[PDB]
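**Student:** File work.pdb follows (PDB, C-alpha atoms):
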ATOM      1  CA  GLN I   1    -183.528  62.743 -48.441  1.00  0.00           C
ATOM      2  CA  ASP I   2    -185.562  61.462 -51.389  1.00  0.00           C
ATOM      3  CA  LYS I   3    -184.452  57.926 -50.535  1.00  0.00           C
ATOM      4  CA  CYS I   4    -187.663  56.693 -48.910  1.00  0.00           C
ATOM      5  CA  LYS I   5    -191.104  56.262 -50.476  1.00  0.00           C
ATOM      6  CA  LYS I   6    -194.087  53.936 -50.883  1.00  0.00           C
ATOM      7  CA  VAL I   7    -195.835  53.179 -54.175  1.00  0.00           C
ATOM      8  CA  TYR I   8    -199.630  52.969 -54.084  1.00  0.00           C
ATOM      9  CA  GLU I   9    -200.668  50.467 -56.753  1.00  0.00           C
ATOM     10  CA  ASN I  10    -204.182  50.966 -55.382  1.00  0.00           C
ATOM     11  CA  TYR I  11    -204.555  54.309 -57.159  1.00  0.00           C
ATOM     12  CA  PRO I  12    -205.760  55.456 -60.605  1.00  0.00           C
ATOM     13  CA  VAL I  13    -202.881  56.587 -62.819  1.00  0.00           C
ATOM     14  CA  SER I  14    -205.350  59.063 -64.315  1.00  0.00           C
ATOM     15  CA  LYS I  15    -205.726  61.189 -61.185  1.00  0.00           C
ATOM     16  CA  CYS I  16    -201.925  61.179 -61.063  1.00  0.00           C
ATOM     17  CA  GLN I  17    -201.327  62.736 -64.482  1.00  0.00           C
ATOM     18  CA  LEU I  18    -203.977  65.276 -63.485  1.00  0.00           C
ATOM     19  CA  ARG I  19    -201.667  68.252 -62.958  1.00  0.00           C
ATOM     20  CA  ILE I  20    -204.775  70.366 -62.375  1.00  0.00           C
ATOM     21  CA  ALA I  21    -206.058  68.065 -59.633  1.00  0.00           C
ATOM     22  CA  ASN I  22    -203.432  65.739 -58.162  1.00  0.00           C
ATOM     23  CA  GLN I  23    -205.488  63.861 -55.571  1.00  0.00           C
ATOM     24  CA  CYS I  24    -202.493  61.543 -55.216  1.00  0.00           C
ATOM     25  CA  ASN I  25    -200.330  63.741 -52.988  1.00  0.00           C
ATOM     26  CA  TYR I  26    -203.461  64.767 -51.090  1.00  0.00           C
ATOM     27  CA  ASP I  27    -204.568  61.146 -50.735  1.00  0.00           C
ATOM     28  CA  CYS I  28    -201.190  59.947 -49.464  1.00  0.00           C
ATOM     29  CA  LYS I  29    -201.104  62.397 -46.557  1.00  0.00           C
ATOM     30  CA  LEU I  30    -204.829  61.787 -46.081  1.00  0.00           C
ATOM     31  CA  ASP I  31    -204.290  58.191 -44.966  1.00  0.00           C
ATOM     32  CA  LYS I  32    -200.648  57.156 -45.336  1.00  0.00           C
ATOM     33  CA  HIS I  33    -199.850  60.550 -43.813  1.00  0.00           C
ATOM     34  CA  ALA I  34    -196.758  60.773 -46.016  1.00  0.00           C
ATOM     35  CA  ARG I  35    -194.609  63.904 -46.239  1.00  0.00           C
ATOM     36  CA  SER I  36    -195.929  65.341 -49.506  1.00  0.00           C
ATOM     37  CA  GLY I  37    -196.768  62.559 -51.942  1.00  0.00           C
ATOM     38  CA  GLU I  38    -196.221  62.490 -55.698  1.00  0.00           C
ATOM     39  CA  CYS I  39    -196.797  60.398 -58.822  1.00  0.00           C
ATOM     40  CA  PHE I  40    -194.068  58.840 -60.967  1.00  0.00           C
ATOM     41  CA  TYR I  41    -193.561  56.100 -63.555  1.00  0.00           C
ATOM     42  CA  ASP I  42    -192.248  52.662 -62.600  1.00  0.00           C
ATOM     43  CA  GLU I  43    -189.976  50.113 -64.276  1.00  0.00           C
ATOM     44  CA  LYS I  44    -192.845  49.250 -66.621  1.00  0.00           C
ATOM     45  CA  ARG I  45    -193.337  52.945 -67.379  1.00  0.00           C
ATOM     46  CA  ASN I  46    -196.388  52.924 -65.108  1.00  0.00           C
ATOM     47  CA  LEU I  47    -197.304  56.154 -63.317  1.00  0.00           C
ATOM     48  CA  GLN I  48    -198.225  55.303 -59.726  1.00  0.00           C
ATOM     49  CA  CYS I  49    -198.948  57.322 -56.585  1.00  0.00           C
ATOM     50  CA  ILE I  50    -195.602  57.169 -54.782  1.00  0.00           C
ATOM     51  CA  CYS I  51    -195.820  58.535 -51.240  1.00  0.00           C
ATOM     52  CA  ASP I  52    -192.972  59.753 -49.031  1.00  0.00           C
ATOM     53  CA  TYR I  53    -192.296  57.943 -45.755  1.00  0.00           C
ATOM     54  CA  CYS I  54    -189.634  59.396 -43.460  1.00  0.00           C
ATOM     55  CA  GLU I  55    -190.851  62.469 -41.577  1.00  0.00           C
ATOM     56  CA  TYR I  56    -194.179  63.645 -40.159  1.00  0.00           C
TER      57      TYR I  56
END
Written as structure tokens, how would this file's structure read?
**Tutor:**
Amino acid sequence: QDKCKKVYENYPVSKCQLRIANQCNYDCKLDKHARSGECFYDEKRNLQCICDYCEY
């Protein structure tokens, strides 16, 4: 596990860092229907909404 995911460049990095209101994980499953959804930094130290694609 933890080997499949999908970055969502079409998402505000602000809402991601929002530990109080992470609309990222909620957004992913909303449309993408990912597993849980989470935000993480990229090669360029850019926090993006990375969704999980593997299960239902």
**Student:** Give me the residues within 7 Å of residue 53 of chain I as a ChimeraX atom specification, counting all atoms listed in the file and dropping any in the same chain fewer than 5 places off.
**Tutor:** /I:4-6,34-35
**Student:** Could you state which residues are captured by the PyMOL selection byres ((chain I and resi 41) around 12) in this file, as a list in words?
**Tutor:**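 Given this file, the PyMOL selection byres ((chain I and resi 41) around 12) evaluates to residues 7, 8, 9, 13, 16, 17, 38, 39, 40, 42, 43, 44, 45, 46, 47, 48, 49 and 50 of chain I.
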**Student:** What gap, in Å, lies between atom CA of residue 28 of chain I and atom CA of residue 56 of chain I?
**Tutor:**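 Rounded to one decimal, the two atoms are 12.2 Å apart.
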**Student:** Quick one: pull the distance between atom CA of residue 1 of chain I and atom CA of residue 36 of chain I, Å, one decimal.
**Tutor:**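 Atom-to-atom, atom CA of residue 1 of chain I to atom CA of residue 36 of chain I, that is 12.7 Å.
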**Student:** Can you measure atom CA of residue 31 of chain I to atom CA of residue 55 of chain I for me? One decimal in Å is fine.
**Tutor:**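 For atom CA of residue 31 of chain I relative to atom CA of residue 55 of chain I, the distance reads 14.5 Å.
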**Student:** Quick one: 3 Å padding each side, axis-aligned, all listed atoms of segment 44-54 of chain I - centre and edge lengths in Å to one decimal, as AutoDock Vina command-line options?
**Tutor:**
--center_x -194.3 --center_y 54.5 --center_z -55.4 --size_x 15.3 --size_y 16.5 --size_z 29.9
**Student:** Which residues are near residue 37 of chain I? Cut-off 6 Å, only C-alpha atoms, ignore same chain within fewer than 3 positions. Put them as a PyMOL selection string.
**Tutor:** chain I and resi 25+28+51-52
**Student:** Atoms to include: C-alpha atoms. Write the selected residues as a PDB file, in the coordinates of the input.
**Tutor:**
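Now in result-v6.pdb:
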ATOM      1  CA  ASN I  25    -200.330  63.741 -52.988  1.00  0.00           C
ATOM      2  CA  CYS I  28    -201.190  59.947 -49.464  1.00  0.00           C
ATOM      3  CA  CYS I  51    -195.820  58.535 -51.240  1.00  0.00           C
ATOM      4  CA  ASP I  52    -192.972  59.753 -49.031  1.00  0.00           C
TER       5      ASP I  52
END
